[PDB]
$ cat structure_30.txt   # compact mmCIF, N, CA and C atoms
# COMPACT_ATOMS: atom_id res chain seq x y z
N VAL A 86 100.95 127.30 102.53
CA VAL A 86 99.54 127.14 102.97
C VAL A 86 99.42 126.10 104.07
N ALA A 87 99.58 126.53 105.29
CA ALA A 87 99.48 125.58 106.42
C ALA A 87 99.35 126.32 107.75
N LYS A 88 98.77 125.66 108.72
CA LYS A 88 98.60 126.31 110.04
C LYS A 88 97.97 127.69 109.90
N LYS A 89 97.50 127.99 108.72
CA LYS A 89 96.87 129.31 108.50
C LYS A 89 95.78 129.23 107.43
N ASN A 90 95.51 128.04 106.98
CA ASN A 90 94.47 127.88 105.93
C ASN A 90 93.08 127.97 106.55
N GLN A 91 92.16 127.22 106.00
CA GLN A 91 90.77 127.26 106.54
C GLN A 91 90.53 126.09 107.49
N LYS A 92 89.86 125.08 107.00
CA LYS A 92 89.58 123.90 107.86
C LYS A 92 90.87 123.31 108.41
N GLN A 93 91.93 123.46 107.66
CA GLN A 93 93.24 122.91 108.12
C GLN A 93 93.18 121.40 108.27
N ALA A 94 94.34 120.79 108.33
CA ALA A 94 94.39 119.31 108.48
C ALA A 94 95.54 118.91 109.40
N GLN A 95 95.73 117.63 109.56
CA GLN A 95 96.82 117.16 110.45
C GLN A 95 97.21 115.72 110.14
N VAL A 96 98.49 115.47 110.10
CA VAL A 96 98.96 114.10 109.80
C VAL A 96 98.66 113.15 110.94
N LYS A 97 98.36 111.94 110.57
CA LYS A 97 98.05 110.90 111.59
C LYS A 97 99.08 109.78 111.56
N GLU A 98 99.18 109.04 112.64
CA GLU A 98 100.16 107.93 112.70
C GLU A 98 99.51 106.65 113.20
N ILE A 99 99.99 105.53 112.72
CA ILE A 99 99.43 104.23 113.15
C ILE A 99 100.54 103.26 113.51
N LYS A 100 100.45 102.70 114.68
CA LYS A 100 101.49 101.74 115.12
C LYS A 100 101.15 100.32 114.69
N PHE A 101 102.18 99.53 114.49
CA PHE A 101 101.96 98.12 114.07
C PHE A 101 102.78 97.17 114.93
N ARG A 102 102.40 95.91 114.93
CA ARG A 102 103.14 94.91 115.74
C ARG A 102 103.40 93.63 114.93
N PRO A 103 104.51 92.97 115.20
CA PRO A 103 104.85 91.74 114.49
C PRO A 103 103.82 90.64 114.73
N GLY A 104 103.94 89.57 113.98
CA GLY A 104 102.98 88.45 114.15
C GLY A 104 101.53 88.96 114.24
N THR A 105 101.20 89.91 113.42
CA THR A 105 99.81 90.45 113.46
C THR A 105 98.87 89.59 112.62
N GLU A 106 97.70 89.34 113.15
CA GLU A 106 96.72 88.50 112.40
C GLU A 106 96.18 89.24 111.18
N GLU A 107 95.79 88.49 110.18
CA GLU A 107 95.24 89.13 108.96
C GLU A 107 94.12 90.11 109.30
N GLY A 108 93.25 89.70 110.18
CA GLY A 108 92.12 90.60 110.57
C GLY A 108 92.65 91.94 111.09
N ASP A 109 93.50 91.89 112.07
CA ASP A 109 94.06 93.14 112.63
C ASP A 109 94.94 93.85 111.60
N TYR A 110 95.57 93.08 110.75
CA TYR A 110 96.44 93.70 109.72
C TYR A 110 95.60 94.36 108.63
N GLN A 111 94.40 93.89 108.47
CA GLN A 111 93.52 94.48 107.43
C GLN A 111 92.91 95.79 107.91
N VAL A 112 92.21 95.73 109.01
CA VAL A 112 91.59 96.98 109.53
C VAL A 112 92.64 98.07 109.67
N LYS A 113 93.78 97.72 110.19
CA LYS A 113 94.84 98.73 110.35
C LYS A 113 95.21 99.32 109.00
N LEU A 114 95.41 98.46 108.03
CA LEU A 114 95.76 98.96 106.69
C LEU A 114 94.71 99.95 106.22
N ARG A 115 93.47 99.58 106.38
CA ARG A 115 92.38 100.49 105.95
C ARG A 115 92.54 101.85 106.62
N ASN A 116 92.71 101.83 107.92
CA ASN A 116 92.87 103.11 108.64
C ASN A 116 93.97 103.94 107.99
N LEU A 117 95.16 103.41 107.97
CA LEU A 117 96.28 104.15 107.35
C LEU A 117 95.85 104.69 105.99
N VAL A 118 95.29 103.82 105.20
CA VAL A 118 94.84 104.24 103.86
C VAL A 118 93.77 105.33 103.95
N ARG A 119 92.77 105.09 104.76
CA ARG A 119 91.70 106.11 104.90
C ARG A 119 92.32 107.50 105.05
N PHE A 120 93.43 107.56 105.74
CA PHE A 120 94.08 108.88 105.93
C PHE A 120 94.62 109.37 104.60
N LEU A 121 95.18 108.46 103.84
CA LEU A 121 95.73 108.85 102.52
C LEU A 121 94.61 109.20 101.56
N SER A 122 93.65 108.32 101.46
CA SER A 122 92.51 108.58 100.55
C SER A 122 92.01 110.00 100.70
N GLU A 123 91.63 110.36 101.90
CA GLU A 123 91.12 111.73 102.12
C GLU A 123 92.06 112.76 101.50
N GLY A 124 93.34 112.58 101.73
CA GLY A 124 94.34 113.53 101.16
C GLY A 124 95.31 113.98 102.25
N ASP A 125 95.20 113.37 103.40
CA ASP A 125 96.11 113.74 104.51
C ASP A 125 97.35 112.86 104.51
N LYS A 126 98.34 113.25 105.27
CA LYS A 126 99.59 112.45 105.32
C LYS A 126 99.50 111.38 106.40
N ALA A 127 100.30 110.36 106.26
CA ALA A 127 100.26 109.28 107.28
C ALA A 127 101.61 108.58 107.39
N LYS A 128 101.97 108.22 108.60
CA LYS A 128 103.27 107.53 108.83
C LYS A 128 103.07 106.29 109.70
N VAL A 129 103.85 105.27 109.43
CA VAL A 129 103.73 104.01 110.23
C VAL A 129 104.92 103.83 111.15
N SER A 130 104.69 103.24 112.29
CA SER A 130 105.80 103.01 113.25
C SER A 130 105.74 101.60 113.83
N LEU A 131 106.83 100.89 113.72
CA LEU A 131 106.86 99.50 114.26
C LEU A 131 107.59 99.46 115.60
N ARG A 132 106.89 99.01 116.62
CA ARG A 132 107.50 98.93 117.97
C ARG A 132 107.80 97.48 118.35
N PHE A 133 109.03 97.23 118.74
CA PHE A 133 109.40 95.85 119.13
C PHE A 133 109.24 95.65 120.63
N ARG A 134 109.03 94.42 121.03
CA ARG A 134 108.86 94.13 122.48
C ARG A 134 109.63 92.87 122.86
N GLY A 135 110.46 92.98 123.86
CA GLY A 135 111.25 91.80 124.29
C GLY A 135 112.42 91.56 123.33
N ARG A 136 112.35 90.48 122.60
CA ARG A 136 113.45 90.19 121.64
C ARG A 136 113.22 90.95 120.34
N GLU A 137 113.94 92.03 120.17
CA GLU A 137 113.78 92.82 118.93
C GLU A 137 114.44 92.12 117.75
N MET A 138 115.39 91.28 118.03
CA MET A 138 116.08 90.56 116.93
C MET A 138 115.07 89.98 115.96
N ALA A 139 114.22 89.12 116.46
CA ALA A 139 113.20 88.51 115.58
C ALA A 139 112.35 89.59 114.92
N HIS A 140 112.00 90.58 115.69
CA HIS A 140 111.17 91.67 115.13
C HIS A 140 111.99 92.52 114.17
N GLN A 141 113.28 92.47 114.31
CA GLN A 141 114.15 93.27 113.41
C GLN A 141 114.07 92.76 111.98
N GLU A 142 114.30 91.49 111.81
CA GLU A 142 114.24 90.91 110.45
C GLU A 142 112.80 90.81 109.96
N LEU A 143 111.90 90.59 110.88
CA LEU A 143 110.48 90.48 110.49
C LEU A 143 109.86 91.86 110.34
N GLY A 144 110.23 92.75 111.22
CA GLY A 144 109.67 94.12 111.14
C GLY A 144 110.17 94.83 109.87
N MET A 145 111.33 94.45 109.43
CA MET A 145 111.88 95.08 108.21
C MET A 145 111.17 94.54 106.99
N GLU A 146 111.12 93.24 106.90
CA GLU A 146 110.44 92.64 105.74
C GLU A 146 108.98 93.09 105.68
N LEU A 147 108.47 93.49 106.82
CA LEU A 147 107.06 93.94 106.85
C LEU A 147 106.90 95.29 106.15
N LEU A 148 107.55 96.29 106.68
CA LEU A 148 107.44 97.63 106.05
C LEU A 148 107.60 97.53 104.54
N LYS A 149 108.53 96.72 104.11
CA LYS A 149 108.74 96.57 102.65
C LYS A 149 107.47 96.09 101.95
N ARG A 150 106.89 95.04 102.48
CA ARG A 150 105.65 94.52 101.86
C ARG A 150 104.52 95.49 102.08
N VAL A 151 104.47 96.02 103.26
CA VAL A 151 103.41 96.98 103.58
C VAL A 151 103.53 98.20 102.68
N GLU A 152 104.73 98.70 102.56
CA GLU A 152 104.93 99.89 101.70
C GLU A 152 104.30 99.67 100.34
N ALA A 153 104.52 98.50 99.78
CA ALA A 153 103.94 98.21 98.45
C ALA A 153 102.42 98.15 98.54
N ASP A 154 101.93 97.45 99.53
CA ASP A 154 100.47 97.36 99.67
C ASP A 154 99.85 98.74 99.57
N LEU A 155 100.65 99.73 99.87
CA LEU A 155 100.15 101.12 99.80
C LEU A 155 100.55 101.77 98.49
N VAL A 156 101.65 101.33 97.93
CA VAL A 156 102.08 101.92 96.65
C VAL A 156 100.90 101.98 95.69
N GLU A 157 99.93 101.13 95.93
CA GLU A 157 98.74 101.12 95.04
C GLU A 157 97.75 102.21 95.44
N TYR A 158 97.85 102.65 96.67
CA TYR A 158 96.92 103.71 97.17
C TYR A 158 97.71 104.85 97.81
N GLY A 159 98.99 104.85 97.58
CA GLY A 159 99.83 105.93 98.17
C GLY A 159 101.25 105.84 97.62
N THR A 160 102.13 106.61 98.18
CA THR A 160 103.53 106.58 97.70
C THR A 160 104.49 106.86 98.85
N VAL A 161 105.72 106.47 98.66
CA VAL A 161 106.71 106.70 99.73
C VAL A 161 107.32 108.09 99.61
N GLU A 162 107.27 108.84 100.69
CA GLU A 162 107.84 110.21 100.67
C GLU A 162 109.14 110.23 101.46
N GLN A 163 109.31 109.23 102.28
CA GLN A 163 110.54 109.16 103.09
C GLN A 163 110.91 107.70 103.36
N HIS A 164 111.94 107.24 102.69
CA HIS A 164 112.36 105.84 102.90
C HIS A 164 112.50 105.53 104.40
N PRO A 165 112.18 104.30 104.77
CA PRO A 165 112.28 103.89 106.17
C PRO A 165 113.70 104.05 106.70
N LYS A 166 113.82 104.18 107.99
CA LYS A 166 115.15 104.34 108.59
C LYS A 166 115.15 103.87 110.02
N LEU A 167 116.29 103.53 110.50
CA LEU A 167 116.39 103.05 111.89
C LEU A 167 116.60 104.22 112.84
N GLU A 168 115.76 104.29 113.85
CA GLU A 168 115.89 105.40 114.84
C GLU A 168 115.82 104.87 116.26
N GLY A 169 116.88 105.07 117.00
CA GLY A 169 116.90 104.59 118.40
C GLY A 169 116.65 103.08 118.46
N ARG A 170 115.45 102.72 118.85
CA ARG A 170 115.09 101.28 118.94
C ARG A 170 113.76 101.02 118.27
N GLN A 171 113.34 101.94 117.44
CA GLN A 171 112.04 101.77 116.74
C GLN A 171 112.17 102.07 115.25
N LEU A 172 111.33 101.44 114.48
CA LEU A 172 111.37 101.65 113.01
C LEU A 172 110.22 102.56 112.61
N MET A 173 110.44 103.40 111.63
CA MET A 173 109.35 104.32 111.20
C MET A 173 109.35 104.54 109.70
N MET A 174 108.17 104.57 109.14
CA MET A 174 108.03 104.78 107.68
C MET A 174 107.08 105.94 107.43
N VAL A 175 107.25 106.59 106.30
CA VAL A 175 106.37 107.74 105.98
C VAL A 175 105.67 107.55 104.64
N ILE A 176 104.36 107.51 104.68
CA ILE A 176 103.57 107.33 103.44
C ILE A 176 102.86 108.62 103.03
N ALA A 177 102.97 108.96 101.77
CA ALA A 177 102.31 110.21 101.29
C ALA A 177 101.05 109.87 100.49
N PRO A 178 100.10 110.79 100.48
CA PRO A 178 98.84 110.59 99.75
C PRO A 178 99.08 110.46 98.25
N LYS A 179 98.36 109.57 97.63
CA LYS A 179 98.54 109.39 96.17
C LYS A 179 98.05 110.62 95.42
N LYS A 180 98.91 111.60 95.30
CA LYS A 180 98.51 112.84 94.58
C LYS A 180 99.74 113.55 94.03
N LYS A 181 99.61 114.07 92.84
CA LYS A 181 100.76 114.78 92.22
C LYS A 181 102.01 113.91 92.25
N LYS A 182 103.12 114.49 91.86
CA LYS A 182 104.38 113.70 91.86
C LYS A 182 105.12 113.86 93.17
$ encode --input "structure_30.txt" --output "structure tokens"
Amino acid sequence: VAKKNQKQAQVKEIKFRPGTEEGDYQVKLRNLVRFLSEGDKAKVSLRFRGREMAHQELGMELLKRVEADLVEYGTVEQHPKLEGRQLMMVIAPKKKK
């Protein structure tokens, strides 16, 4: 049931950045969640700029904490992985197993 249903839906993505302020980190979290709440899929992507080293250890520890922040309103469908020079995570809507 896809690309041929009725209203149909589409997964959304939200980018994040290191050293993000609580304010920006909150609204962003809500957005990502809003996508899950409705019932749609959502994935996060961390982009580094300049010295990725610092963002590497910090960007990693982030997804981990962030993933949990969602574990309460979502679940992990695809463990994070390193791709090229960017990090990406996949969050699934809190529904079924």
$ atom_distance --input "structure_30.txt" --atom1 "atom N of residue 176 of chain A" --atom2 "atom C of residue 126 of chain A"
6.4 Å
$ residues_around --input "structure_30.txt" --residues "segment 156-166 of chain A" --least-positions-apart "6" --cutoff "9 Å" --atoms "only C-alpha atoms" --output "NGL selection string"
:A and (118 or 121-122 or 148-149 or 172-180)
$ atom_distance --input "structure_30.txt" --atom1 "atom C of residue 99 of chain A" --atom2 "atom C of residue 133 of chain A"
13.6 Å
$ select_by_dssp --input "structure_30.txt" --residues "chain A" --states "strand (DSSP E or B)" --output "ChimeraX atom specification"
/A:97-101,127-131,159-168,171-178
$ atom_distance --input "structure_30.txt" --atom1 "atom CA of residue 153 of chain A" --atom2 "atom N of residue 103 of chain A"
17.6 Å
$ select_by_dssp --input "structure_30.txt" --residues "segment 114-178 of chain A" --states "helix (DSSP H, G or I)" --output "number ranges by chain"
A: 114-123, 137-156
$ closest_residue --input "structure_30.txt" --among "A:147, A:155, A:127, A:138" --to "residue 97 of chain A" --atoms "only C-alpha atoms"
A:127
$ axis_aligned_box --input "structure_30.txt" --around "segment 97-114 of chain A" --padding-each-side "3 Å" --output "JSON"
{"center_x": 98.2, "center_y": 100.2, "center_z": 111.0, "size_x": 19.3, "size_y": 29.5, "size_z": 15.5}
$ closest_residue --input "structure_30.txt" --among "A:141, A:116, A:130, A:171" --to "residue 101 of chain A" --atoms "all atoms listed in the file"
A:130
$ closest_residue --input "structure_30.txt" --among "A:143, A:117, A:86, A:112" --to "residue 98 of chain A" --atoms "all atoms listed in the file"
A:117
$ closest_residue --input "structure_30.txt" --among "A:181, A:92, A:124, A:104" --to "residue 144 of chain A" --atoms "only N, CA and C atoms"
A:104
$ closest_residue --input "structure_30.txt" --among "A:125, A:152, A:109, A:137" --to "residue 96 of chain A" --atoms "all atoms listed in the file"
A:125
$ closest_residue --input "structure_30.txt" --among "A:88, A:115, A:150, A:170" --to "residue 135 of chain A" --atoms "only C-alpha atoms"
A:170
$ decode --input "structure_30.txt" --residues "segment 135-164 of chain A" --atoms "N, CA and C atoms" --output "mmCIF file, in the first residue's frame"
data_model
loop_
_atom_site.group_PDB
_atom_site.id
_atom_site.type_symbol
_atom_site.label_atom_id
_atom_site.label_comp_id
_atom_site.auth_asym_id
_atom_site.auth_seq_id
_atom_site.Cartn_x
_atom_site.Cartn_y
_atom_site.Cartn_z
ATOM 1 N N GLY A 135 33.834 22.487 8.505
ATOM 2 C CA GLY A 135 35.212 22.832 8.946
ATOM 3 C C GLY A 135 35.865 21.624 9.619
ATOM 4 N N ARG A 136 36.091 21.732 10.899
ATOM 5 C CA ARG A 136 36.720 20.602 11.623
ATOM 6 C C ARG A 136 35.664 19.571 12.012
ATOM 7 N N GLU A 137 35.599 18.506 11.258
ATOM 8 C CA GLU A 137 34.599 17.456 11.567
ATOM 9 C C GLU A 137 35.015 16.650 12.792
ATOM 10 N N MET A 138 36.289 16.639 13.071
ATOM 11 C CA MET A 138 36.767 15.873 14.248
ATOM 12 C C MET A 138 35.918 16.182 15.471
ATOM 13 N N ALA A 139 35.889 17.430 15.846
ATOM 14 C CA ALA A 139 35.085 17.814 17.025
ATOM 15 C C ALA A 139 33.631 17.421 16.824
ATOM 16 N N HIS A 140 33.141 17.639 15.636
ATOM 17 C CA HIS A 140 31.734 17.283 15.356
ATOM 18 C C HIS A 140 31.559 15.770 15.300
ATOM 19 N N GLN A 141 32.641 15.078 15.068
ATOM 20 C CA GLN A 141 32.559 13.599 14.998
ATOM 21 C C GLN A 141 32.212 13.013 16.361
ATOM 22 N N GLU A 142 32.981 13.374 17.352
ATOM 23 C CA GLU A 142 32.709 12.847 18.714
ATOM 24 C C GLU A 142 31.467 13.494 19.311
ATOM 25 N N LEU A 143 31.235 14.724 18.955
ATOM 26 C CA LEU A 143 30.045 15.419 19.494
ATOM 27 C C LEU A 143 28.805 15.052 18.696
ATOM 28 N N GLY A 144 28.972 14.935 17.407
ATOM 29 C CA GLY A 144 27.809 14.577 16.552
ATOM 30 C C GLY A 144 27.349 13.150 16.858
ATOM 31 N N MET A 145 28.273 12.328 17.280
ATOM 32 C CA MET A 145 27.909 10.934 17.596
ATOM 33 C C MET A 145 27.176 10.883 18.913
ATOM 34 N N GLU A 146 27.761 11.483 19.909
ATOM 35 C CA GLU A 146 27.107 11.478 21.227
ATOM 36 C C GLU A 146 25.734 12.133 21.140
ATOM 37 N N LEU A 147 25.559 12.962 20.144
ATOM 38 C CA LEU A 147 24.254 13.643 19.983
ATOM 39 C C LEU A 147 23.183 12.664 19.529
ATOM 40 N N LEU A 148 23.370 12.108 18.362
ATOM 41 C CA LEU A 148 22.366 11.142 17.855
ATOM 42 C C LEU A 148 21.964 10.158 18.943
ATOM 43 N N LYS A 149 22.928 9.703 19.695
ATOM 44 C CA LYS A 149 22.610 8.737 20.778
ATOM 45 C C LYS A 149 21.613 9.332 21.773
ATOM 46 N N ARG A 150 21.900 10.521 22.235
ATOM 47 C CA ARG A 150 20.978 11.161 23.204
ATOM 48 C C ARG A 150 19.695 11.535 22.506
ATOM 49 N N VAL A 151 19.837 12.041 21.324
ATOM 50 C CA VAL A 151 18.650 12.436 20.561
ATOM 51 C C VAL A 151 17.774 11.221 20.291
ATOM 52 N N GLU A 152 18.395 10.155 19.860
ATOM 53 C CA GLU A 152 17.613 8.930 19.575
ATOM 54 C C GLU A 152 16.723 8.592 20.758
ATOM 55 N N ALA A 153 17.285 8.668 21.939
ATOM 56 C CA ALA A 153 16.478 8.353 23.143
ATOM 57 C C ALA A 153 15.369 9.379 23.326
ATOM 58 N N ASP A 154 15.723 10.629 23.212
ATOM 59 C CA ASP A 154 14.699 11.676 23.376
ATOM 60 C C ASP A 154 13.484 11.331 22.544
ATOM 61 N N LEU A 155 13.708 10.544 21.520
ATOM 62 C CA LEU A 155 12.585 10.147 20.646
ATOM 63 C C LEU A 155 12.061 8.778 21.034
ATOM 64 N N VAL A 156 12.918 7.961 21.588
ATOM 65 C CA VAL A 156 12.457 6.617 21.987
ATOM 66 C C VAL A 156 11.161 6.727 22.766
ATOM 67 N N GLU A 157 10.935 7.884 23.332
ATOM 68 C CA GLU A 157 9.688 8.081 24.114
ATOM 69 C C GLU A 157 8.519 8.428 23.194
ATOM 70 N N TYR A 158 8.838 8.917 22.018
ATOM 71 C CA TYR A 158 7.768 9.286 21.046
ATOM 72 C C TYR A 158 8.033 8.651 19.689
ATOM 73 N N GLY A 159 8.930 7.709 19.670
ATOM 74 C CA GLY A 159 9.253 7.032 18.388
ATOM 75 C C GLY A 159 10.182 5.847 18.639
ATOM 76 N N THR A 160 10.684 5.279 17.583
ATOM 77 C CA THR A 160 11.594 4.125 17.745
ATOM 78 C C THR A 160 12.629 4.103 16.635
ATOM 79 N N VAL A 161 13.702 3.408 16.869
ATOM 80 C CA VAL A 161 14.753 3.341 15.835
ATOM 81 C C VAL A 161 14.468 2.215 14.847
ATOM 82 N N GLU A 162 14.459 2.557 13.582
ATOM 83 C CA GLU A 162 14.190 1.536 12.539
ATOM 84 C C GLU A 162 15.476 1.203 11.807
ATOM 85 N N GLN A 163 16.431 2.079 11.933
ATOM 86 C CA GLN A 163 17.726 1.851 11.262
ATOM 87 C C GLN A 163 18.855 2.482 12.066
ATOM 88 N N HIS A 164 19.632 1.653 12.713
ATOM 89 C CA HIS A 164 20.753 2.192 13.519
ATOM 90 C C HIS A 164 21.588 3.180 12.691
#
